[PDB]
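Nothing in this text is a laboratory measurement; each read-out follows from the coordinates by a stated rule. All Cβ positions, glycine included, derive from the backbone under ideal geometry; neighbour counts span all protein chains shown.
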Ligand SMILES: Nc1nc2c(ncn2[C@@H]2O[C@H](COP(=O)(O)OP(=O)(O)OP(=O)(O)O)[C@@H](O)[C@H]2O)c(=O)[nH]1
Ligand SMILES: Nc1nc2c(ncn2[C@@H]2O[C@H](COP(=O)(O)OP(=O)(O)O)[C@@H](O)[C@H]2O)c(=O)[nH]1
């Protein structure tokens, strides 16, 4: 529901470099719920192990989110993790593979087969917008050469990203092609070790309309999928000023997000939304009629030991 | 870092700035005509924090003076600081917004903010280790409001990496005369709470009360209100402006002062606010100055401290004393006044000590506080904004100059969240 | 002869540094012109360059400078050589993310290279004295980084830390436990032996013991300096053992994690009692166990005692020294903990204390510095524990520190190790 926020963690398996080079497997699973990572337990909703299926994952996690987006609520899904953590496979996977495909092509599938199930009373009209936050400002992931967008609260006092390209989307292929031009236009940075380093939190909003010709009611369904960048120790990376500018921006907004989840998880007094620009756009998505899933993406390798830790320590 | 740059925004921003400058000049031993006629080299030393150099003996204030229509620049050039300002830094313009915030941030001011962006860029590119902008800002005016905010926004877009420290005049709904003020203030705050780093709020009624009742000036003229703003603007810069005992910088204040990031509406205060006379001596000796500073109505915004609570409080002492009261009275006043200070911040009071007092005086204090009572000031502005907006009043002002209904609503909704936010930390506690 | 580099960083660690070196100037007889006037050989801390110029091994490191200005223009300008005066520019006062990460990066090399250079000019290196403001912004952000460096760049030589952990009352940052926690996590790995410094007891002591009114930090630095200087006197001045840095470490804290000791100096007294009575070797040693006279105002009454190392500097009689300690050890009902074996380690040096031309202590004869470790530091660690959780549960301030350069993870990790460190000081029993 709203109250029960699905904090999940999903460990990838070890890779042939991690297996041959021999950074070991950290986890000691207590259960479905709880894992021991290096001395300290971390309890969550669901710890998916490295032996889990994409189908099991999606159906426990994602499938009900979509039904609820559809049936009267909105939904959020958050994906948190660093480069090579296994975020690619969890959030996207590979669409030609019916096993291998993840959260975004499975949502495109159950959304469009929700379309192809019902008949001509609901008028399904999906619009999508794709935008990144990069050095404070909101860049449009679709349309090139903008400075900032305006994220306006309406008469219902809900944030609409004004200035963005909304894509009136009609085919599940069109959904997908969108991601590809989008991801191409992203601010990723390439270093020598860190190749696809994500320097933007990116918000994908699938606005599913379904307004009934019959019952006349204005039926809708906003799904926010938020691509969360990974939290970076500049003691670790050692970088330059311009790359540190990014890394503090990430860390700040991430941490501010955890303060709202903490205040949401508390059910506190103010429950902030205003100060972080991300929590501003996701004002109602954090704190409203939202069924919300946080998918944590970690390595079980001893390379990324303090990264897993730092990430798991999120969930309060 | 080193160089603070100063910006005078609004007819008052000009005035209160020019007095600030008058003070700091006199303080570092510079004549308001031009020359360093000064004695103390220690008081000379860190001049570049505010001043630009010039012909060796003259020092140039690194001011940017913003005013929409002409005439204000003419008043300051006319004034006894006059010639100490370099005429390039008179950033005047032609046509006016006349209080109207929309007219200011959208319409008119657009021609001038390229100009100003040029000038501040020039002085910022002029600097060694750029510290921050300290902007004297008529919060509910038009030149200060809509243009000063438009500028803050250009300044922020340009420099995230510098300290945007504002001194922001927002008087009460009791003594104020500017009509559309409740609109100008909401629109201005909607930019400020998003944009600025540390906003030190100031009230003319509080300055009036300080003069009339605490100090006992007969007629509180503007330059009198300036005497007190300039003193606290002088206060807050003190420790980086001179060598002392302890810390310096305004960020070292601010990092301590703001517990969550939008709680940046500060309340300064000054002391000795003693009537001019002989006893005086049996008003305050040294420890007793702290007892004055910690007292109720001494504050540049008039917050009755029984009415809210405090978050972080800091205190800039100027004069050659010990942390004796900073040991003793800061303990005892947090012990006894326990109701006032929020118990979630482990020991709330944050003192520095600078050796140099104000020129001629012996011990001064600057209070710098985050008073949760500040939200009543916002509550009434938000009321009056609701009233005017609910009436649909002043269309032939704002909406004519292109203000949007969503951005009215937003600024309101932001201001009410600011209220709810400052109020939650009033409410908030320890275990 | 065995050459000890004193590094001092922070507002206070610099200031206090300056007083340390001013009493070392006076103890060793250097005039502010640079010149030793007569025949002595204090080449530990000082060195004569060729002309009559004794240059210290004092490394002043700072941000935007205060004291270095006052030093090279005015205060022993002709003693301190400008190459050893390391100024900085950008800001981090309070802010640990700007300290240990951002501005620390821009600093480190210019500082480190200067250190490697002085340590090149130290031929017979004894090791480091590192003086720093532990909870401070100017201090600990960069010094925790500097120690991280010198743990490799120096290797097996020891870092003798003096660590200003704040008073339960006098508190100039709000975020001083955030500093100190992160600072502790760092020194837990990269410091050799850590002398926890206060403000409170020290000020308490000036009013109770010293009986001057409520003095300025200048006089109070002249208190600390007396205490640092007595520690170093045993290297500086000739006499018994306790020359090595390792001679403290090894003697004090042989349990590897338990590396913060405490200390005190005596006689601290009034010029009145100086005239009025003459203190005996027993009475100064009885002042060594005195609870009110102890350096960090953590309570020795509620605490139990661990190791005890006593440095006597003055003409003392070793029998009477053996008796003072024998008797007071035998007699006082203080718990010497059952984990420690029984015994003090004593140290008697010829040279008496030296007094400053100031407004401070008078010309006493015989003098002692108690080094100890006691369980009472856990009380100090309790304030950290209380105070941290009090903001952290709130998540106050985190927009300044995690927002500007720190990672949030790092806060919990240090919370866990500090807490295990309280379990370390709780492993003090049988
Ligand atoms: N004994 C002593 N204490 C001092 C002196 N100067 C400051 N202190 C205080 O003792 C503690 C030392 O911290 P600081 O040195 O001020 O911390 P800092 O490194 O300057 O940290 P920032 O102010 O954040 O840059 C503070 O609470 C000071 O107020 C001094 O000369 N001696
Ligand atoms: N403290 C102070 N207040 C003043 C002074 N002169 C005018 N005021 C008041 O403070 C506000 C100044 O507004 P102004 O600077 O005119 O706003 P602008 O329209 O943006 O130029 C008004 O409400 C004035 O009555 C002065 O020198 N000092």
*Distance from the Cα centre of the stretch A:33-56 to that of the stretch C:16-79, in angstrom?*
61 Å
*222 nm mean residue ellipticity, helices alone, for chain A (DSSP H n ≥ 4; -39,500 (n - 2.57); rounded to 500)*: -9000 deg cm²/dmol
*Roughly what would the spin-label model give for residue C:156 and residue C:320, points 7 Å off Cα along C-beta, in nm?*
4.2 nm
*Applying 1/(1 + (r/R0)^6) with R0 = 60 Å to the Cβ-Cβ distance of residue C:211 and residue A:50, what FRET efficiency is obtained, to the nearest 0.05?*
0.30
*For the stretch A:182-229, what's the radius of gyration and Dmax over Cα atoms, in angstrom?*
17.7, 58
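Within 10 Å of each Cβ in B:129-135, how many Cβ atoms from other chains are there, averaged over the peptide?
On the way: counts 4, 0, 3, 0, 0, 0, 0.
Neighbouring Cβ atoms belonging to other protein chains average 1 per residue here.
Inside 10 Å of the C-beta atoms of C:403-416, what's the mean count of C-beta atoms belonging to other chains? Let's see the in-between values first.
Working: counts 10, 5, 8, 7, 15, 10, 12, 5, 2, 5, 5, 0, 0, 3.
For peptide C:403-416, the averaged partner shielding equals 6.
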*asked:* On the principal axes of its Cα set, how long, how wide and how thick is the stretch C:1-261? Give whole Å, largest value first.
replied: 50, 45, 43
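So what's the back-of-envelope 222 nm ellipticity for chain B, counting only DSSP H runs of four-plus at -39500 (n - 2.57) apiece and dividing by all residues, rounded to 500? Please list the in-between numbers first.
Numbers: 13 runs with 167 residues, N = 431.
Theoretical 222 nm ellipticity from helices: -12000 deg cm²/dmol.
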*Considering only B:417, B:355, B:177, give the residue with the highest GNM mean-square fluctuation for chain B, with springs between Cα atoms whenever their separation is below 10 Å.*
B:177
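Could you rank the peptides A:244-252, B:139-147 by their average count of other C-beta atoms within 10 Å per residue, with the highest value first?
Details: A:244-252: 21.0, B:139-147: 29.9.
For the peptides A:244-252, B:139-147, the packing ranking is B:139-147, A:244-252.
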*Can you give the angle from 0 to 90° between the axis of helix A:241-266 and the longest principal axis of chain A, with both taken from C-alpha atoms, to the nearest 10?*
70 degrees
*Computed [θ] at 222 nm, deg cm²/dmol, chain C (DSSP H ≥ 4; -39,500 (n - 2.57); rounded to nearest 500)*: -13000 deg cm²/dmol
_Relative contact order, percent, chain B [alpha-carbon distance under 8 Å, six or more residues apart]_ = 16 percent
*asked:* Please arrange C:218, B:72 by how many other C-beta atoms lie within 10 Å of their C-beta, fewest to most.
replied: C:218, B:72
*Grab the eigenvalues of the alpha-carbon gyration tensor for the stretch A:6-312, scale each by 5, take roots, and send me the semi-axes largest first in whole angstrom.*
31, 23, 20
*Relative to the longest principal axis of chain A, what angle (0 to 90°, nearest 10) does the C-alpha long axis of helix A:172-184 take?*
50 degrees
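Please sort C:157-166, A:25-34, C:121-130 by packing, taking for each peptide the average over its residues of neighbouring beta carbons within 10 angstrom, highest first. Provide the component values of the computation, followed by the final result.
Numbers: C:157-166: 23.2, A:25-34: 13.6, C:121-130: 18.9.
Sorting C:157-166, A:25-34, C:121-130 by mean packing, highest first, produces C:157-166, C:121-130, A:25-34.
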*Just how far, in whole angstrom, is the stretch B:187-233 from the stretch B:376-431 if you go by their alpha carbon centroids?*
22 Å
*Where does helix A:103-117 land angle-wise versus the long Cα axis of chain A, in degrees 0 to 90, nearest 10?*
20 degrees
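Looking at the protein assembly as shown, I'd like the Rg to Rh ratio, where Rg is from alpha-carbon atoms and Rh is Kirkwood's inverse mean 1/r. Mind showing how you got there, number by number?
Numbers: Rg = 32.4 Å, Rh = 32.6 Å.
For the protein assembly as shown, the value is 0.99.
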*Theoretical gain in end-to-end length, residue B:430 to residue B:48 [0.36 nm per residue, Cα-Cα removed]*: 133.2 nm
*Which three lengths, in whole Å and largest first, does the stretch A:72-126 cover when its Cα atoms are put on their principal axes?*
45, 26, 14
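When only C-alpha pairs under 8 Å and at least 6 residues apart count, what is the relative contact order of the stretch B:177-333, in percent? Walk me through the numbers before you get to the answer.
On the way: 132 pairs, mean separation 45.4, N = 157.
With pairs under 8 Å counted, the relative contact order is 29 percent.
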*asked:* With just the Cα atoms defining each centre, how far is the stretch C:259-274 from the stretch B:71-107? Give it in Å.
replied: 63 Å
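When Cβ neighbours within 10 Å are restricted to other protein chains, what is their mean count per residue of peptide C:163-175? It would help to have the intermediate numbers written out before the result.
Numbers: counts 0, 0, 0, 1, 3, 3, 7, 9, 9, 13, 6, 14, 4.
For this peptide, the per-residue mean of nearby foreign Cβ atoms is 5.
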*asked:* Need one number: convex hull volume per residue for the stretch B:260-373, Cα atoms only, in Å³.
replied: 113 Å³
*Neighbouring Cβ atoms within 10 Å as the yardstick, rank C:232, C:184, C:102 fewest first.*
C:232, C:102, C:184
*Pull up the DSSP beta bridges for the stretch A:6-312 and report the antiparallel fraction as a percent, rounded to 5.*
65 percent
_Dimensionless Rg/Rh of chain B - Kirkwood Rh, Rg from C-alpha atoms_ = 0.95
